[PDB]
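Report on one structure; see the data block that follows.
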Amino acid sequence: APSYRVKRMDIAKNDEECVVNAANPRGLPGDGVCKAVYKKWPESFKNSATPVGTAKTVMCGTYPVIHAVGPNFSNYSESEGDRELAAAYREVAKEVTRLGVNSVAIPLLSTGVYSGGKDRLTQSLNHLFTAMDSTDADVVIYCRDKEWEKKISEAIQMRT
């Protein structure tokens, strides 16, 4: 019987079960948790360029790195951007489920990092839930700040 949880786990452990990152489509530095992963794994960033609207898995020797292009729609409108970001989630969930892994650690993205400087706690939640609905594996949403993690936890309590 599958489930979901929230915790705070530094992705730089290298979660063998699955790792997902948000990388700039142009391969420029100044990006999400992908920046941190890159500093451990140069090869992950090597030709990490992938178009918006998709996801690109690469295998860095050990464990697959699913690169996704969500908030990095800064070269795109809000209307198209919602569609492309949604497609990126379906691709992420599809690669995860295809790996057929027991669990998966997914960072939350869509938090304004490259777009027009706005997060949307509700938007990130709904989007993650959509991806999650498209995965059987025991998925964990991973948070960073303590108080922001708390809000996600409130959403979990509110969604049972």
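Along the chain as shown, residues are numbered 1 onward.
If you're wondering, the header gives solution NMR.
Cβ coordinates are placed from backbone N, Cα and C, and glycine is handled just like the others.
Feature annotations, reproduced from Swiss-Prot:
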- 1-160: domain 'Macro' (DOMAIN)
- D10, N24, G32, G112, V113, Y114: ADP-D-ribose binding site (BINDING)
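Where Swiss-Prot records a feature, it is marked here on the structure.
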residue	record	DSSP class
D10	ADP-D-ribose binding site	coil
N24	ADP-D-ribose binding site	coil
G32	ADP-D-ribose binding site	coil
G112	ADP-D-ribose binding site	coil
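Counting every protein chain shown, the Cβ of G112 (ADP-D-ribose binding site) has 13 other Cβ atoms within 10 Å. Looking at the residues that bind ADP-D-ribose per the record, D10, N24, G32, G112, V113, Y114, the two CA atoms farthest apart are separated by 21 Å. For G32 (ADP-D-ribose binding site), other Cβ atoms within 10 Å of its Cβ number 21. Non-local neighbourhood of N24 (ADP-D-ribose binding site): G30, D31, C34, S48, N72, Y114, each in the same chain, at least six residues away, with C-beta under 8 Å from its C-beta.
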